[PDB]
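Same chain, two versions here, written out as structure tokens and called structure 1 and structure 2.
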Structure 1
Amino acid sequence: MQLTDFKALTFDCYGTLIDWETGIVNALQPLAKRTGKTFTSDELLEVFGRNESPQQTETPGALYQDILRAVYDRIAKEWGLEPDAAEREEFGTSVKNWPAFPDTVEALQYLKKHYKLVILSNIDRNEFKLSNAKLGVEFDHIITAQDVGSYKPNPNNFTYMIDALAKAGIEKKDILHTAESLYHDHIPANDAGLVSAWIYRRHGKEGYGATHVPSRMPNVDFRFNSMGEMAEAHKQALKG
């Protein structure tokens, strides 16, 4: 099993390609100021992570800004605060400001020479365009939660993706699903019969950050600590 066996990379975006943690910590600062407490980054991230997937179950057809607005309301409620409409809007429209990780553009541009690059992300189409402008590549296919009518880890998100790629001549065996999230991505990839590459962005940190806790450790086929490290691996695999 090696990287060159695959024709397509299918990606998790937020937490793998885009550094959503930096974005969420920054966007929660005004709400946090109202509590009087200094929170650590992990505290902010974990209250997000206990709330985002429940919200996506609650409103599975919501656009992502509406998810984020409702997550703001959930966090405010854990903190004993009444929501403030303008603060909620500033949080919920913050994806425009969530940066790429510093290795992402270079890695994606390299990998685009060798694979079809696909997005399977908990996002809506228009919102994703904002992030795509920070990623430096044309994606061959983009599958969003909006397209499916639900969010990962719903199995239908993976079936939709697999089907779309089959119609473009990419068999399931051709796909390498590339993602940080054990909960959103590699557990349902296991169940869907996909090969997995774990991009362990938090390898040097505690817990899962903004990502929901996974119910088990899925079985992954590759692990890289960053996207640059995946690209460097491919440059040697290609010589074989």
Structure 2
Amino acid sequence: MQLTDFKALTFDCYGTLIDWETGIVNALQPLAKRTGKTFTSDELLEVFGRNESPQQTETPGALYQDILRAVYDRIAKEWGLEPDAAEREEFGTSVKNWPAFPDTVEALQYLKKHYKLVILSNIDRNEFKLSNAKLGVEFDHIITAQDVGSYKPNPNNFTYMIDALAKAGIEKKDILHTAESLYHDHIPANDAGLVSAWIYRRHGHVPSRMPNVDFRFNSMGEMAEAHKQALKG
């Protein structure tokens, strides 16, 4: 089991490459400032998570911005504020502002030399295009929840991706699924017969079980460095 056994990295974007948590903390600043209260990042993320839950659907909405706009309205109400149209507009379009983790770009640029790179995203393709502009590489394949008709961890998202890759010449055994989320990514990766690289980020949705993972790295940078070390012998 070696990182060189694989030809394609199939990535989660949001949570693995793009730091959605920081993006949401930042995006909540205008509304939060209006409350006059000071929140910790964990507090903001708790409020976001609890208010995004009721927006979840089986068939994905075409535009992720509609989820964010609905969450904005709910949070403003929770905080005892009237929603503001301008604030809602900005919050709803905030994905483009969500930052890459500081290690992401250099790691992707290195890994792009050696692997076919794939995105499997629950956020729509147009938002991803805006994130892609700050990720520093071209992706070979981009698969979204809208394409599939469901959100990961639905197994169809993985089957669709695997089938797309097979048509592009990549056998299932040559895929390394690289992601932060045990629940959204590694449980279904296990069930789809993929090998997993867990990019654990800040570790330490509740996964029903702990999935098997074959590699563990704190960041994409660490994964890239492990590849470099592997090549050294």
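Numbering for residues begins at 1 and runs along the sequence of structure 1. Take the two forms, find the largest set of C-alpha atoms that superpose within 1.5 Å, and that set is the rigid core.
Worksheet entry | Matching structure (the form solved without 4-amino-2-hydroxybutanoic acid (42B)), either 1 or 2 | Of the two forms shown, it is structure 2 that corresponds to the form solved without 4-amino-2-hydroxybutanoic acid (42B), while structure 1 does not.
Worksheet item: Where does the C-alpha shift reach 2 Å or more between structure 1 and structure 2 among 128, 151, 72, 158, given a fit on the rigid core?
Response: The one that moves 2 Å or more is 72.
Discussion item. Is the shift of residue 35 between structure 1 and structure 2 large enough to count as movement, that is, does its C-alpha move by 2 Å or more after the core is superposed?
Written reply: Yes.
Item to complete: Determine, after fitting the two forms on their core, whether residue 187 shows a C-alpha shift of 2 Å or more between structure 1 and structure 2.
Response: After core superposition, the displacement of the residue 187 C-alpha between structure 1 and structure 2 stays below 2 Å, so no.
Worksheet item: Is residue 138 one of the residues whose Cα moves 2 Å or more between structure 1 and structure 2, with the core superposed?
Response: The answer is no, as the C-alpha of residue 138 shifts between structure 1 and structure 2 by less than 2 Å after core alignment.
Discussion item. Core superposed first, then measure: what is the displacement of the CA of residue 51 between structure 1 and structure 2, in Å?
Written reply: Shift of residue 51 at C-alpha, rigid core superposed: 5.3 Å.
Practice prompt. Having superposed the rigid core, state how many Å the Cα of residue 24 shifts between structure 1 and structure 2.
Written response: C-alpha shift for residue 24: 1.0 Å.
Discussion item. Once both forms are fitted on the core, what is the Cα shift for residue 168 between structure 1 and structure 2 in Å?
Written reply: Its C-alpha shift, to one decimal, is 0.5 Å.
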